[PDB]
Protein chains: 2
Amino acid sequence: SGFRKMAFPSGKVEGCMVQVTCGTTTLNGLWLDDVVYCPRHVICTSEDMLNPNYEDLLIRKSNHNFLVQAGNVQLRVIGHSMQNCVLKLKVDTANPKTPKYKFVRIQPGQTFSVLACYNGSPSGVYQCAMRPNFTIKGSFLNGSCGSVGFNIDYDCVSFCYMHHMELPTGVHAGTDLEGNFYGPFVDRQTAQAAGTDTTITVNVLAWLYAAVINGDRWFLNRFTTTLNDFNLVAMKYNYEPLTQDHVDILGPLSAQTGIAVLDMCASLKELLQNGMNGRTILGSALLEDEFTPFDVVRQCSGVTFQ
Amino acid sequence: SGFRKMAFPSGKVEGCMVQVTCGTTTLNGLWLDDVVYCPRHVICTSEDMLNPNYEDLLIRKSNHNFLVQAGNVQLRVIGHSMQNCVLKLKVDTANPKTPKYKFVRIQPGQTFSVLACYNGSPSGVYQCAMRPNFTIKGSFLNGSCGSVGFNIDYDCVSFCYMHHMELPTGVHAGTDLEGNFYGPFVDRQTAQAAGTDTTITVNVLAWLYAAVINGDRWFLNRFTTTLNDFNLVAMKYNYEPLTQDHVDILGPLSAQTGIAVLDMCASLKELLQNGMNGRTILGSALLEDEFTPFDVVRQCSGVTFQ
Ligand SMILES: *[C@H](O)[C@H](C[C@@H]1CCNC1=O)NC(=O)[C@@H]1[C@@H]2[C@H](CN1C(=O)C(c1ccc(Cl)cc1)c1ccc(Cl)cc1)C2(C)C
Ligand SMILES: *[C@H](O)[C@H](C[C@@H]1CCNC1=O)NC(=O)[C@@H]1[C@@H]2[C@H](CN1C(=O)C(c1ccc(Cl)cc1)c1ccc(Cl)cc1)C2(C)C
């Protein structure tokens, strides 16, 4: 037993991480086969980043301007192109550590692991959720751009995020690996704002089921509720609407615990209206919303990756 | 900016993890050079585990009884010995992925990363602290024994924990890599209990400094306090005494923020006496104690590992 915010083992991604320097900008790149992917704002100077014209900036660049460091071995860039907000640097060497992979774009409410990197060297790994407002609550300092987010399924790494910037509230914005931003953000150094967030209701319910599985039962009740009546309470407390597909997705957890989904909704209702009255759930005094039903099933049953 | 519970990149440890099966017990082993380390209770049957005599049990074993799986390659065991509560299985192949390493034993209050493993395959990575009562609040299911805890310093893996068992409160107990248990626990299937825990005061203060660095300031005050007067409050709320060495260790964070250590103690005092009044600190509604001053400095400055 026990329930922890758990990242995927990072080894497969560590072997892909490189350093990209151009001018006086250094960031991280992702090296897969013979391409290095990195944020396109590596081509920017300080006065470029205020409102850059990246097509103009890129045509003025040369292959030799891009210094790519794979550990202590320099990678010769032999071609370069832009795809949306990422650069694709063609190098003369295929990464022998290239895992099997996919470029996927995730939905708000879904989670992934971030391998935070500086100077092409991994620093730490942690779990993030894509917020409903398309930001992520990460831990990123200068130099972390090009760090990626990913999930692992069996032996296959699904890359879903590349880091680009921090917003004024201290949350983080970036792209999928096709270079398309999550949310209404641009890689331009100009006042942008996240936009109002909501709590991921289906995830809170999943975490309540994790708690029950692990012996925390004090918030359970005999009460039940209808889906419609629950959603009137959810809307008031700035929670996302719960759909019938959410109910269906929670089915396995409901069956394992023997607590009907709508019964757990009644419990969440009371927690929302009453608070926790000094008690905790899985070591938290807040309702936690960055575990998906999948995350709970993985951890509370024991899935691995090879 | 941002502050997350962050584990070390796990790649170096992933390359060491193997499957050890003996009889109908399967667990994980740690393969370094030509030795596989694993919990000695792998030699136990169901009626053995109730109160086993491990020396008797081991002399009845043969090298060929130990099936070691390194991925899809079988490792031939050529010798075996017991060291305290771990077994050392001598194999005919040195692990070519052996990182530089050390076997260290950590102190209560210190943190480490756990690579949770099943059937020799890594499942997830997360950060733990050694509680004052020598337990850890982990996430471990059947089959996870032999998973290790570690820190990484530059290129060197300091192994500090091997997982052995869960206690009746759902917390976890294990050994250092010399096979010596943390705390007053034995690898015997008989009623044991954790013993009363305390909150790691110096870590809470470190986390309060992390919060200030990241813009959370509402708990700050003009008040100050003496170390003695603080410790009278700490004792009441079941917090560990703060020592002058703790104050010294917090010096850098104090200097970065410009908040004297004893001033932050005055803030913690009010938080302990008043609670949080509906507010949060770094996304938590509880005072968090599993970040060390080192952890805060690493994350809020950007140290990597190669
Ligand atoms: C890439 O290494 C870097 C990572 C950020 C630094 C601090 N936290 C990060 O995640 N990204 C950037 O430097 C981007 C790129 C120029 C500016 N920028 C920023 O994140 C700064 C910034 C972003 C957005 C706006 Cl509208 C203004 C400035 C920034 C934000 C917050 C802090 Cl604390 C420092 C710097 C860019 C092309 C957007
Ligand atoms: C090793 O894979 C396994 C890991 C534990 C299973 C559940 N959580 C774990 O961390 N460890 C064990 O199976 C140990 C070894 C025999 C019994 N055991 C236990 O952890 C069970 C147990 C421990 C201690 C006592 Cl006093 C009685 C039983 C145990 C505890 C809790 C649960 Cl939920 C299941 C099983 C052993 C030699 C101690």
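Reminder, nothing fancy here: chain letters follow the sequence lines and each chain counts from 1. Reckoned from all heavy atoms, side chains included, excluding hydrogens, waters and symmetry mates.
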Sidechain-backbone polar pair: A/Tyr209 side chain, A/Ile259 backbone, donor-acceptor under 3.5 Å: yes
Heavy-atom side-chain contact between B/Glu270 and B/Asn221 under 4.5 Å: yes
B/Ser123 side chain to A/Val303 backbone, donor-acceptor under 3.5 Å: yes
Over 12 non-hydrogen atoms of neighbours within 6.0 angstrom of CZ in A/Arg279: yes
Aromatic centroids of A/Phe8 and A/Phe112 separated by under 6.0 Å: no
Heavy-atom side-chain proximity of B/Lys137 to B/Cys128 below 4.5 angstrom: no
Any A/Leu220 side-chain heavy atom under 4.5 Å of A/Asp263 side chain: no
Heavy-atom pair with the smallest gap, counting every atom of A/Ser1 and B/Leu141: N-CD2, 4.1 Å
A/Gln189 and A/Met165: CA distance, side-chain angles, deciding distance, side chain to side chain contact (heavy atoms under 4.5 Å, CB included) verdict: CA-CA 9 Å; A/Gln189 192 164 328; A/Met165 57 194 276; over 6 Å; no
Side chain to side chain donor-acceptor pair (under 3.5 Å) between A/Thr201 and A/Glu240, intermediate numbers included: CA-CA 6 Å; A/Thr201 307; A/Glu240 286 194 307; 5.6 Å; no
Residue pair B/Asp289, B/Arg131: steps toward the salt bridge (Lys or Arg N to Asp or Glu O under 4.0 Å) verdict: CA-CA 10 Å; B/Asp289 80 340; B/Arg131 299 311 305 174; 2.8 Å; yes
Ring centers of A/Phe159, A/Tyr161 separated by less than 6.0 Å: no
Side chain to side chain contact (heavy atoms under 4.5 Å, CB included) between A/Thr226 and A/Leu262, intermediate numbers included: CA-CA 7 Å; A/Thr226 65; A/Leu262 288 186; 5.6 Å; no
Point-to-point distance, once rounded to the nearest 0.5 Å, from CH2 of A/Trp31 to CD of A/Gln19: 14.0 Å
Point-to-point distance, once rounded to the nearest 0.5 Å, from CG of A/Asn84 to CG of A/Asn180: 4.0 Å
Donor-acceptor under 3.5 Å (B/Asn203 side chain, B/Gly109 main chain): yes
A/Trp218 side chain vs A/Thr280 backbone, donor-acceptor pair below 3.5 Å: yes
NZ or CZ of A/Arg40 within 45° of A/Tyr54 ring axis and under 6.0 Å: yes
Minimal non-hydrogen separation, A/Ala266 against A/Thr225, with atom names: N-CG2, 3.8 Å
Side-chain donor-acceptor pair present, A/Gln299, B/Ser139, cut-off under 3.5 Å: yes
Side-chain (B/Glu290) to main-chain (B/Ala129) donor-acceptor, under 3.5 angstrom: yes
Audit row: A/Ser158, A/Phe150, side chain to side chain contact (heavy atoms under 4.5 Å, CB included) steps and yes/no: CA-CA 5 Å; A/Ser158 295; A/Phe150 62 96; over 6 Å; no
Test item: A/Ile106 and A/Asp176 side chains (from C-beta on) under 4.5 Å apart, heavy atoms: no
Check: A/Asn231 side chain, A/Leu242 main-chain N or O, donor-acceptor pair, under 3.5 Å: yes
Heavy-atom side-chain proximity of A/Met276 to A/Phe219 below 4.5 angstrom: no
Shortest non-hydrogen contact from B/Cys265 toward B/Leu205: SG-CD1, 4.0 Å
Modelled atom types, side-chain donor and acceptor of B/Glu14 and B/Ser10, under 3.5 Å: yes
Side chains of A/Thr21 and A/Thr26, donor plus acceptor under 3.5 Å: yes
Within-4.5 Å side-chain heavy-atom neighbours: B/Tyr239 and B/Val204: yes
Residues B/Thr111, B/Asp295; criterion side chain to side chain donor-acceptor pair (under 3.5 Å); working and verdict: CA-CA 8 Å; B/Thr111 53; B/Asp295 296 341; 2.8 Å; yes
Side-chain donor/acceptor of A/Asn28 to backbone N/O of A/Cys117, under 3.5 Å: yes
Interatomic distance, A/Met6 atom CE to A/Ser113 atom OG [nearest 0.5 angstrom]: 10.5 Å
Exercise: identify the closest heavy-atom pair between A/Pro52 and A/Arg188: CD-CG, 3.9 Å
Heavy-atom check, side chain of B/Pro122 versus side chain of A/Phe305, under 4.5 Å: no
Contact check, side chains of A/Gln256 and A/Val297, non-hydrogen atoms, under 4.5 Å: no
Whether over 12 other heavy atoms sit under 6.0 Å from A/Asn274 CG: yes
Side-chain donor/acceptor of B/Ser284 to backbone N/O of B/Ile281, under 3.5 Å: no
Centroid-centroid distance, B/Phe3 to B/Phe291, less than 6.0 Å: yes
Nearest heavy-atom neighbours spanning A/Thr25 and A/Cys44: OG1-O, 3.2 Å
Euclidean distance, A/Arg4 CZ relative to B/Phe140 CZ, rounded to 0.5 Å: 9.5 Å
Spacing of A/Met162 atom CE and A/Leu177 atom CG [to the nearest 0.5 Å]: 5.5 Å
Backbone N/O of A/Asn133 and side chain of A/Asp197: donor-acceptor pair under 3.5 Å: yes
Minimum-distance pair of heavy atoms, taken over all atoms of A/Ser147 and A/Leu115: CB-O, 3.4 Å
Check: B/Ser254 side chain, B/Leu250 main-chain N or O, donor-acceptor pair, under 3.5 Å: no
Over 12 non-hydrogen atoms of neighbours within 6.0 angstrom of CG in A/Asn51: yes
Check: A/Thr243/A/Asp245 side-chain N/O donor and acceptor closer than 3.5 Å: no
Atom pair CG (B/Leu282) and NZ (B/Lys5), whose distance is rounded to the nearest 0.5 Å: 11.0 Å
Name of the residue among A/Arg105, A/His164, A/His163 meeting side chain to side chain donor-acceptor pair (under 3.5 Å) with A/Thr175: A/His164
Stepwise side chain to side chain contact (heavy atoms under 4.5 Å, CB included) check, A/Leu287 with A/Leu272: CA-CA 9 Å; A/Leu287 301 174; A/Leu272 285 174; 3.9 Å; yes
